[PDB]
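This document starts with one chain, in the form deposited in one PDB entry, laid out as structure tokens.
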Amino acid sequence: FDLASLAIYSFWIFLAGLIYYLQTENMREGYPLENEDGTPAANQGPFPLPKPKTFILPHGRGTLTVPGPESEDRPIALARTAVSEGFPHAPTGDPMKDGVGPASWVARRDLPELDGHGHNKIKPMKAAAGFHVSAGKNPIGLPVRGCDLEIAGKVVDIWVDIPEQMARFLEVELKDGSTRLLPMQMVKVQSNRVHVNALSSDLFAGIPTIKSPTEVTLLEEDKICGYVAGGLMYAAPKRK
């Protein structure tokens, strides 16, 4: 029972408590577990639910307390494929339009994210005084091409994260004159074109639209990004 033996025993005790604390802290979202019918699950695990904490959000946007009563706050167009638990739930309609699977989106607040000074974090470059392309290929004017090798539109503007000085969306003008946003992370800027592998040219029109031409909300961002990511699975039929 020398001093070194007690240090290492003490530490293992400390570490078991640290793990217990870290795991409960990581249960402030998505818990309690549910059955596939929405009801609470009987077996919740050995770790209990943590006690609520409160974040005071800046810009008078309220406060968040987690854990709290959870809600999807949106309809889910899926149906059970098995009586037993553990099997896929099959889309009942058009999964890209119904926003399920890889096309899923979360019902975030229908407000734009703000920067430290209370201004919209993301802005079209035509509304961002002083911003420009400093390196690489400027995609404005370039045609946008889908996974079917057809042209869907041309890039008309870039939406930039101003505090971070980063391109986040390409505003693409469609054949009918309207525009859509494309995640910067899902496009390939080439010399003479912008290639989007996730969608076919005739699926750009289906990208959810924004209600203001100079701002995009967190809800809109989730709907846009989910739709485009869902094309990798659901637009593959006509992928050249």
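Whichever C-alpha set is largest while still superposing within 1.5 Å between the two forms counts as the rigid core. Numbers follow the displayed sequence, beginning with 1.
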Inset, instruction - Can you let me know which of the two, 150 to 158 or 104 to 112, has the higher average C-alpha B-factor in the entry? - result: 150 to 158
Inset, instruction - Identify the stretch, either 89 to 97 or 75 to 83, whose C-alpha atoms have the larger mean B-factor according to the entry. - result: 75 to 83
Legend entry - Given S200, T54, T214, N35, the residue at which the Cα B factor reaches its maximum: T214
Inset, instruction - Using the B-factor values recorded in the entry, state whether the Cα atom of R28 falls in the lowest, middle or highest third among the modelled residues of its chain. - result: lowest
Legend entry - Chain thirds of CA B-factor: placement of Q44: highest
Inset, instruction - Comparing against every modelled residue in the chain, figure out the third that the C-alpha B-factor of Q185 lands in (lowest, middle or highest). - result: middle
Inset, instruction - Would you mind checking where the Cα B-factor of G68 ranks among the modelled residues of its chain, as the lowest, middle or highest third? - result: middle
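This next part talks about the form deposited in another entry, which is not shown.
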Legend entry - Of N197, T214, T209, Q44, the one whose Cα moves 2 Å or more between this form and the one not shown after core superposition: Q44
Inset, instruction - Answer yes if the Cα of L15 shifts by 2 angstroms or more between this form and the one not shown on a rigid-core superposition, and no otherwise. - result: no
Inset, instruction - Align on the rigid core first; then say whether the Cα of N35 has moved by at least 2 Å between this form and the one not shown. - result: yes
Legend entry - Large Cα shift (2 Å or above) at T65 between this form and the one not shown, core-fitted: no
Legend entry - Cα separation of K51 and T24 in the other form versus here, shift of 3 Å or more: farther
Inset, instruction - Compare the CA separation of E34 and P95 in the other form with the one in the displayed structure, and answer closer or farther (the difference is at least 3 Å). - result: farther
